[PDB]
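Asker: The structure's right below; bear with me while I get my questions together.
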Amino acid sequence: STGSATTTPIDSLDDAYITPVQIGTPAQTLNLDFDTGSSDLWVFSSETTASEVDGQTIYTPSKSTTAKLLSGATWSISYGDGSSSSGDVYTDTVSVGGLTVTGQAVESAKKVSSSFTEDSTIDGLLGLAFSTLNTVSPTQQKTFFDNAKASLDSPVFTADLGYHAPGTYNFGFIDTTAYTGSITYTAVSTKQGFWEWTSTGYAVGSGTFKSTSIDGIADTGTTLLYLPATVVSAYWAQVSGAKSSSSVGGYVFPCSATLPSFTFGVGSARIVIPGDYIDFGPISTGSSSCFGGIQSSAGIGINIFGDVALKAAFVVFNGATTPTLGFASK
Ligand code: NA
């Protein structure tokens, strides 16, 4: 089997992407944030504290003829941005882009933190990291990918995120029309439950490539590119008037600037992030200070190749017995 679903930016900045997901019988379609940096499929629901729901579409298990309470199971998750959610668990039928899993754990939120309530466009998350990070207690649950894997034509999914445009998540096949050149594969460590890999270096604009190992995760659920402070300083030094602002919480730059590209290495291959991808716009409405899309990972404890990096590539998440990542230009 295979599946193919379009993923759509939630706003004009590509802060996140939403993908429709069919849950239950008859289908309830919710727009989920597919997150390769977490392992829970959780949804706003009929159980969510009413004051914490503001425009989201909710999953109502009582209206699904295939929903079953996973008795005694609870979940609770905290993300890198300080957001959180928790609740109980149902099993149900879940379909993505025509690919169906029966008996998927669907984590029903009783509580969500303010950042979820305030984002009316995201109805929940669908985790695509390794199932070792799933938070369901006392019986850990599998991701949608892990449950689908054995049925797939190939044990892979691909992320093809758009810049200010829709893109695609495919399950079970490589679309050889969706990228240019060849795919370069690189080793993954699953030791922390993430799609963790080592980039071979970087360049700033038309500058020389610096060969240096940068361990990080491929995380579709993180907006920005978080790299070591040396790398990030080197990048922003090439933008007149850019500075790190403790008050704003990262590097800002004059909105009048033209940003340089940023290149990252994947083995001997190179993925170029155009400068425009690094502009996250005014820090507040009408400001002439703009927020940068490359930020320091210092204090986060891991480098994160989030959407700013991933949307410059066609990315293969290879879930074979020895997982690997693939990157192609597109
Ligand atoms: Na922000």
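Ordered as shown in the structure tokens, chains take letters A, B, and onward, while each chain numbers its residues from 1 and ligands are numbered from 1 in the order shown.
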Could you give me, as a ChimeraX atom specification, the residues within 7 Å of segment 96-107 of chain A, counting only C-alpha atoms and dropping anything in the same chain fewer than 2 positions from it?
Answerer: /A:1-5,21-22,41-43,87-94,109,141,144,147-148
Asker: Would you mind exporting the chosen residues as an mmCIF file, in the first residue's frame, restricted to N, CA, C and O atoms?
Answerer:
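Listed below is the output, again_20.cif:
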data_model
loop_
_atom_site.group_PDB
_atom_site.id
_atom_site.type_symbol
_atom_site.label_atom_id
_atom_site.label_comp_id
_atom_site.auth_asym_id
_atom_site.auth_seq_id
_atom_site.Cartn_x
_atom_site.Cartn_y
_atom_site.Cartn_z
ATOM 1 N N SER A 1 0.854 -1.207 0.000
ATOM 2 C CA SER A 1 0.000 0.000 0.000
ATOM 3 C C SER A 1 0.881 1.244 0.000
ATOM 4 O O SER A 1 2.077 1.183 0.301
ATOM 5 N N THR A 2 0.272 2.347 -0.351
ATOM 6 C CA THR A 2 0.919 3.668 -0.280
ATOM 7 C C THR A 2 -0.122 4.678 0.195
ATOM 8 O O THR A 2 -1.322 4.406 0.154
ATOM 9 N N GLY A 3 0.354 5.842 0.591
ATOM 10 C CA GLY A 3 -0.546 6.988 0.801
ATOM 11 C C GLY A 3 0.131 8.239 0.318
ATOM 12 O O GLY A 3 1.383 8.322 0.228
ATOM 13 N N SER A 4 -0.632 9.253 -0.015
ATOM 14 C CA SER A 4 -0.104 10.551 -0.484
ATOM 15 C C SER A 4 -1.040 11.649 -0.040
ATOM 16 O O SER A 4 -2.234 11.588 -0.422
ATOM 17 N N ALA A 5 -0.575 12.596 0.732
ATOM 18 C CA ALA A 5 -1.428 13.676 1.253
ATOM 19 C C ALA A 5 -0.732 14.991 1.049
ATOM 20 O O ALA A 5 0.498 15.121 1.259
ATOM 21 N N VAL A 21 -6.304 14.355 7.906
ATOM 22 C CA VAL A 21 -6.255 12.970 8.401
ATOM 23 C C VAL A 21 -7.677 12.529 8.700
ATOM 24 O O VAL A 21 -8.432 13.272 9.399
ATOM 25 N N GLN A 22 -8.035 11.352 8.205
ATOM 26 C CA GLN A 22 -9.389 10.802 8.443
ATOM 27 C C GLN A 22 -9.311 9.882 9.655
ATOM 28 O O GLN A 22 -8.513 8.939 9.692
ATOM 29 N N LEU A 41 0.220 10.649 18.301
ATOM 30 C CA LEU A 41 -0.869 11.164 17.475
ATOM 31 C C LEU A 41 -1.944 11.594 18.447
ATOM 32 O O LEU A 41 -2.590 10.713 19.072
ATOM 33 N N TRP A 42 -2.097 12.878 18.635
ATOM 34 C CA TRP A 42 -3.083 13.399 19.588
ATOM 35 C C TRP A 42 -3.951 14.416 18.900
ATOM 36 O O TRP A 42 -3.492 15.103 17.956
ATOM 37 N N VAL A 43 -5.171 14.561 19.375
ATOM 38 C CA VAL A 43 -6.178 15.404 18.720
ATOM 39 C C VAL A 43 -6.948 16.185 19.762
ATOM 40 O O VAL A 43 -7.241 15.690 20.876
ATOM 41 N N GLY A 87 -4.090 13.615 28.061
ATOM 42 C CA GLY A 87 -5.438 13.066 28.003
ATOM 43 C C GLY A 87 -5.458 11.573 28.101
ATOM 44 O O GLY A 87 -4.602 10.968 28.731
ATOM 45 N N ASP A 88 -6.482 10.997 27.483
ATOM 46 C CA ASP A 88 -6.700 9.539 27.447
ATOM 47 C C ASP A 88 -6.615 9.042 26.025
ATOM 48 O O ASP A 88 -6.232 9.833 25.126
ATOM 49 N N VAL A 89 -6.917 7.789 25.776
ATOM 50 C CA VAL A 89 -6.540 7.168 24.492
ATOM 51 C C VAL A 89 -7.651 6.303 23.995
ATOM 52 O O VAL A 89 -8.205 5.515 24.785
ATOM 53 N N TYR A 90 -7.920 6.369 22.691
ATOM 54 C CA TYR A 90 -8.859 5.507 21.974
ATOM 55 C C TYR A 90 -8.043 4.791 20.921
ATOM 56 O O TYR A 90 -6.941 5.278 20.511
ATOM 57 N N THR A 91 -8.462 3.645 20.497
ATOM 58 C CA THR A 91 -7.965 3.093 19.224
ATOM 59 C C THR A 91 -9.045 3.362 18.194
ATOM 60 O O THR A 91 -10.232 3.283 18.503
ATOM 61 N N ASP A 92 -8.612 3.612 16.955
ATOM 62 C CA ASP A 92 -9.594 3.846 15.872
ATOM 63 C C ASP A 92 -8.876 3.643 14.547
ATOM 64 O O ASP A 92 -7.640 3.563 14.499
ATOM 65 N N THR A 93 -9.667 3.715 13.495
ATOM 66 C CA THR A 93 -9.125 3.646 12.129
ATOM 67 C C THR A 93 -8.664 5.032 11.718
ATOM 68 O O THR A 93 -9.420 6.011 11.883
ATOM 69 N N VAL A 94 -7.442 5.103 11.223
ATOM 70 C CA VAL A 94 -6.839 6.391 10.794
ATOM 71 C C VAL A 94 -6.339 6.218 9.383
ATOM 72 O O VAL A 94 -5.640 5.265 9.132
ATOM 73 N N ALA A 109 -7.142 14.665 23.671
ATOM 74 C CA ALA A 109 -6.690 15.663 24.646
ATOM 75 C C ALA A 109 -7.816 16.011 25.619
ATOM 76 O O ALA A 109 -8.938 16.312 25.211
ATOM 77 N N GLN A 141 2.508 3.126 22.816
ATOM 78 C CA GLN A 141 1.825 2.895 21.527
ATOM 79 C C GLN A 141 2.742 3.222 20.348
ATOM 80 O O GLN A 141 3.723 3.987 20.469
ATOM 81 N N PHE A 144 1.714 6.067 13.666
ATOM 82 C CA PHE A 144 0.985 5.734 12.427
ATOM 83 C C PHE A 144 1.960 5.078 11.452
ATOM 84 O O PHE A 144 1.576 4.075 10.838
ATOM 85 N N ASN A 147 2.878 1.486 12.594
ATOM 86 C CA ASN A 147 1.738 0.586 12.349
ATOM 87 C C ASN A 147 1.536 0.326 10.863
ATOM 88 O O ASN A 147 1.178 -0.833 10.514
ATOM 89 N N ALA A 148 1.788 1.283 9.990
ATOM 90 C CA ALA A 148 1.589 1.112 8.544
ATOM 91 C C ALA A 148 2.710 0.316 7.893
ATOM 92 O O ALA A 148 2.467 -0.201 6.803
#
Asker: So which residues touch residue 14 of chain A within 9 Å, counting only C-alpha atoms, skipping near sequence neighbours fewer than 2 positions away, as a PyMOL selection string?
Answerer: chain A and resi 8-12+16-17+162-165+223+280+307-308
Asker: Print the selection's residues with N, CA, C and O atoms to a file, as an mmCIF file, in the first residue's frame.
Answerer:
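This is the output file out03.cif:
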data_model
loop_
_atom_site.group_PDB
_atom_site.id
_atom_site.type_symbol
_atom_site.label_atom_id
_atom_site.label_comp_id
_atom_site.auth_asym_id
_atom_site.auth_seq_id
_atom_site.Cartn_x
_atom_site.Cartn_y
_atom_site.Cartn_z
ATOM 1 N N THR A 8 -0.126 21.764 3.936
ATOM 2 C CA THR A 8 -0.430 23.148 3.566
ATOM 3 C C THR A 8 0.064 24.044 4.685
ATOM 4 O O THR A 8 -0.212 23.762 5.845
ATOM 5 N N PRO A 9 0.847 25.097 4.415
ATOM 6 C CA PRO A 9 1.259 26.000 5.485
ATOM 7 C C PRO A 9 0.047 26.623 6.199
ATOM 8 O O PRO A 9 -0.930 26.929 5.569
ATOM 9 N N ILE A 10 0.164 26.788 7.484
ATOM 10 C CA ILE A 10 -0.973 27.330 8.285
ATOM 11 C C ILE A 10 -1.076 28.832 8.100
ATOM 12 O O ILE A 10 -2.132 29.406 8.491
ATOM 13 N N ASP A 11 -0.023 29.508 7.653
ATOM 14 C CA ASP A 11 -0.008 30.982 7.588
ATOM 15 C C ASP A 11 1.018 31.400 6.580
ATOM 16 O O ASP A 11 1.675 30.560 5.947
ATOM 17 N N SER A 12 1.148 32.723 6.415
ATOM 18 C CA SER A 12 1.999 33.310 5.368
ATOM 19 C C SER A 12 3.500 33.157 5.682
ATOM 20 O O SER A 12 4.270 33.449 4.766
ATOM 21 N N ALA A 16 3.972 26.411 10.387
ATOM 22 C CA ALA A 16 3.746 24.972 10.466
ATOM 23 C C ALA A 16 2.936 24.584 9.267
ATOM 24 O O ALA A 16 2.485 25.427 8.510
ATOM 25 N N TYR A 17 2.782 23.296 9.089
ATOM 26 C CA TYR A 17 2.033 22.714 7.989
ATOM 27 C C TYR A 17 0.985 21.769 8.539
ATOM 28 O O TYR A 17 1.263 21.006 9.495
ATOM 29 N N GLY A 162 6.640 22.775 1.076
ATOM 30 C CA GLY A 162 6.708 23.924 0.175
ATOM 31 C C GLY A 162 7.172 25.178 0.878
ATOM 32 O O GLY A 162 6.879 25.360 2.010
ATOM 33 N N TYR A 163 7.781 26.072 0.140
ATOM 34 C CA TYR A 163 8.051 27.444 0.577
ATOM 35 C C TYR A 163 6.859 28.291 0.182
ATOM 36 O O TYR A 163 6.594 28.499 -1.014
ATOM 37 N N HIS A 164 6.138 28.757 1.175
ATOM 38 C CA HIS A 164 4.936 29.581 0.928
ATOM 39 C C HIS A 164 4.009 28.879 -0.056
ATOM 40 O O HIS A 164 3.346 29.541 -0.883
ATOM 41 N N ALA A 165 3.861 27.552 0.024
ATOM 42 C CA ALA A 165 3.086 26.782 -0.948
ATOM 43 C C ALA A 165 2.847 25.419 -0.328
ATOM 44 O O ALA A 165 3.592 24.960 0.526
ATOM 45 N N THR A 223 9.686 24.937 13.337
ATOM 46 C CA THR A 223 9.651 25.899 12.229
ATOM 47 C C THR A 223 11.037 26.216 11.682
ATOM 48 O O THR A 223 11.243 26.263 10.472
ATOM 49 N N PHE A 280 11.536 35.518 8.507
ATOM 50 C CA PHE A 280 10.286 35.231 9.212
ATOM 51 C C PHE A 280 9.570 36.537 9.574
ATOM 52 O O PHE A 280 8.600 36.474 10.363
ATOM 53 N N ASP A 307 11.777 23.121 9.613
ATOM 54 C CA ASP A 307 11.132 23.328 8.300
ATOM 55 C C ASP A 307 11.979 24.224 7.385
ATOM 56 O O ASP A 307 11.998 24.030 6.217
ATOM 57 N N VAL A 308 12.630 25.262 7.925
ATOM 58 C CA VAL A 308 13.490 26.150 7.119
ATOM 59 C C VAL A 308 14.498 25.334 6.319
ATOM 60 O O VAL A 308 14.687 25.635 5.129
#
Asker: Using only C-alpha atoms, pick whichever of A:127, A:57, A:139, A:116 has the shortest atom-to-atom distance to residue 70 of chain A.
Answerer: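 For residue 70 of chain A, the nearest of the given residues is A:139.
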Asker: Go ahead and compute the interatomic distance for atom CA of residue 140 of chain A and atom CA of residue 95 of chain A, in Å to one decimal.
Answerer: 20.8 Å
Asker: Could I get the residues of chain A with an atom no further than 12 Å from an atom of ligand 1, each paired with its nearest atom pair and that distance in Å to one decimal, using only C-alpha atoms and all ligand atoms, sorted by chain and residue number, as JSON lines?
Answerer:
{"residue": "A:13", "atom": "CA", "partner": "ligand 1", "partner_atom_place_in_ligand_line": "1 (Na)", "distance": 10.2}
{"residue": "A:14", "atom": "CA", "partner": "ligand 1", "partner_atom_place_in_ligand_line": "1 (Na)", "distance": 11.5}
{"residue": "A:15", "atom": "CA", "partner": "ligand 1", "partner_atom_place_in_ligand_line": "1 (Na)", "distance": 8.5}
{"residue": "A:16", "atom": "CA", "partner": "ligand 1", "partner_atom_place_in_ligand_line": "1 (Na)", "distance": 11.6}
{"residue": "A:81", "atom": "CA", "partner": "ligand 1", "partner_atom_place_in_ligand_line": "1 (Na)", "distance": 10.1}
{"residue": "A:115", "atom": "CA", "partner": "ligand 1", "partner_atom_place_in_ligand_line": "1 (Na)", "distance": 11.2}
{"residue": "A:222", "atom": "CA", "partner": "ligand 1", "partner_atom_place_in_ligand_line": "1 (Na)", "distance": 11.3}
{"residue": "A:223", "atom": "CA", "partner": "ligand 1", "partner_atom_place_in_ligand_line": "1 (Na)", "distance": 9.2}
{"residue": "A:224", "atom": "CA", "partner": "ligand 1", "partner_atom_place_in_ligand_line": "1 (Na)", "distance": 9.5}
{"residue": "A:248", "atom": "CA", "partner": "ligand 1", "partner_atom_place_in_ligand_line": "1 (Na)", "distance": 8.7}
{"residue": "A:249", "atom": "CA", "partner": "ligand 1", "partner_atom_place_in_ligand_line": "1 (Na)", "distance": 8.5}
{"residue": "A:250", "atom": "CA", "partner": "ligand 1", "partner_atom_place_in_ligand_line": "1 (Na)", "distance": 9.3}
{"residue": "A:251", "atom": "CA", "partner": "ligand 1", "partner_atom_place_in_ligand_line": "1 (Na)", "distance": 11.2}
{"residue": "A:252", "atom": "CA", "partner": "ligand 1", "partner_atom_place_in_ligand_line": "1 (Na)", "distance": 11.2}
{"residue": "A:279", "atom": "CA", "partner": "ligand 1", "partner_atom_place_in_ligand_line": "1 (Na)", "distance": 11.8}
{"residue": "A:280", "atom": "CA", "partner": "ligand 1", "partner_atom_place_in_ligand_line": "1 (Na)", "distance": 8.3}
{"residue": "A:281", "atom": "CA", "partner": "ligand 1", "partner_atom_place_in_ligand_line": "1 (Na)", "distance": 9.8}
{"residue": "A:282", "atom": "CA", "partner": "ligand 1", "partner_atom_place_in_ligand_line": "1 (Na)", "distance": 9.9}
{"residue": "A:283", "atom": "CA", "partner": "ligand 1", "partner_atom_place_in_ligand_line": "1 (Na)", "distance": 7.6}
{"residue": "A:284", "atom": "CA", "partner": "ligand 1", "partner_atom_place_in_ligand_line": "1 (Na)", "distance": 9.4}
{"residue": "A:290", "atom": "CA", "partner": "ligand 1", "partner_atom_place_in_ligand_line": "1 (Na)", "distance": 10.6}
{"residue": "A:291", "atom": "CA", "partner": "ligand 1", "partner_atom_place_in_ligand_line": "1 (Na)", "distance": 7.7}
{"residue": "A:292", "atom": "CA", "partner": "ligand 1", "partner_atom_place_in_ligand_line": "1 (Na)", "distance": 9.6}
{"residue": "A:293", "atom": "CA", "partner": "ligand 1", "partner_atom_place_in_ligand_line": "1 (Na)", "distance": 9.8}
{"residue": "A:295", "atom": "CA", "partner": "ligand 1", "partner_atom_place_in_ligand_line": "1 (Na)", "distance": 11.3}
Asker: With a distance cut-off of 7 Å and only C-alpha atoms, select the neighbouring residues of segment 184-198 of chain A, excluding the residue or stretch itself and same-chain residues fewer than 6 positions from it, and output the selection as a PyMOL selection string.
Answerer: chain A and resi 37+129-130+132-133+213-218+266-267+269+323-328
Asker: Looking at A:318, A:80, A:26, A:330, which one is nearest to residue 171 of chain A, with distances taken over only C-alpha atoms?
Answerer: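 Of A:318, A:80, A:26, A:330, the one nearest residue 171 of chain A, counting only C-alpha atoms, is A:318.
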Asker: Please return, as a ChimeraX atom specification, all residues of segment 223-293 of chain A that DSSP assigns to helix (DSSP H, G or I) on the basis of the backbone.
Answerer: /A:229-236,275-278
Asker: Go ahead and write the residues just picked, N, CA and C atoms, as a compact mmCIF listing (two decimals), in the first residue's frame.
Answerer:
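Output file again-v8.txt is given in full below:
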# COMPACT_ATOMS: atom_id res chain seq x y z
N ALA A 229 26.00 27.96 17.98
CA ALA A 229 26.17 29.41 18.02
C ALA A 229 27.30 29.86 17.11
N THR A 230 28.36 29.08 16.89
CA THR A 230 29.44 29.48 15.97
C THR A 230 28.90 29.63 14.56
N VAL A 231 28.10 28.65 14.15
CA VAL A 231 27.55 28.60 12.77
C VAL A 231 26.60 29.76 12.60
N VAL A 232 25.73 29.95 13.56
CA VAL A 232 24.67 30.99 13.46
C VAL A 232 25.30 32.37 13.46
N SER A 233 26.31 32.62 14.30
CA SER A 233 27.04 33.89 14.27
C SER A 233 27.67 34.11 12.91
N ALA A 234 28.30 33.11 12.35
CA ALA A 234 28.91 33.25 11.02
C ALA A 234 27.88 33.66 10.00
N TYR A 235 26.69 33.08 10.05
CA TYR A 235 25.63 33.43 9.09
C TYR A 235 25.22 34.88 9.29
N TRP A 236 24.83 35.28 10.49
CA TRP A 236 24.25 36.60 10.68
C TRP A 236 25.30 37.71 10.57
N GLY A 275 18.04 32.51 0.67
CA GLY A 275 17.94 33.55 1.69
C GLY A 275 16.50 33.88 2.07
N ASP A 276 15.62 33.91 1.07
CA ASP A 276 14.23 34.27 1.35
C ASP A 276 13.60 33.34 2.38
N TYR A 277 14.01 32.06 2.43
CA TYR A 277 13.44 31.04 3.34
C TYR A 277 13.78 31.42 4.79
N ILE A 278 14.79 32.26 5.01
CA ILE A 278 15.33 32.56 6.35
C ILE A 278 14.62 33.81 6.89
Asker: My list of candidates is A:274, A:24, A:221, A:82. Which is closest to residue 63 of chain A when distances are computed with only C-alpha atoms?
Answerer: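 Closest residue, counting only C-alpha atoms: A:24.
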Asker: Excluding same-chain residues fewer than 2 positions from residue 60 of chain A, what lies within 6 Å of it counting only C-alpha atoms, as a ChimeraX atom specification?
Answerer: /A:45-46,62-63
Asker: Can you spit out the residues from that selection as a compact mmCIF listing (two decimals), in the first residue's frame, using C-alpha atoms?
Answerer:
# COMPACT_ATOMS: atom_id res chain seq x y z
CA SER A 45 -11.59 16.13 21.04
CA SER A 46 -15.04 16.13 22.64
CA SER A 62 -18.69 8.52 20.63
CA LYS A 63 -19.63 9.24 16.95
Asker: Could you make a table, as a tab-separated table, of the residues of segment 180-211 of chain A that have an atom within 10 Å of an atom of segment 258-261 of chain A, each with its nearest atom pair and distance in Å to one decimal, counting only C-alpha atoms, in chain and number order?
Answerer:
residue	atom	partner	partner_atom	distance
A:203	CA	A:261	CA	8.4
A:204	CA	A:261	CA	6.2
A:205	CA	A:261	CA	4.5
A:206	CA	A:261	CA	7.8
A:207	CA	A:261	CA	9.7
Asker: How would you write, as a PyMOL selection string, the set of residues in segment 62-209 of chain A that DSSP gives as strand (DSSP E or B)?
Answerer: chain A and resi 68-78+84-96+99-112+124-127+137+156-160+167-171+184-187+189+196-204
Asker: Please determine, counting only C-alpha atoms, which residue among A:264, A:44, A:157, A:169 has the shortest atom-to-atom distance to residue 59 of chain A.
Answerer: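 Once distances to residue 59 of chain A are computed over only C-alpha atoms, the minimum belongs to A:44.
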Asker: For residue 52 of chain A, work out the shell of residues within 9 Å, counting only C-alpha atoms and skipping chain neighbours fewer than 2 positions away, then give it as an MDAnalysis selection string.
Answerer: chainID A and resid 48:50 54 111:114 116:118
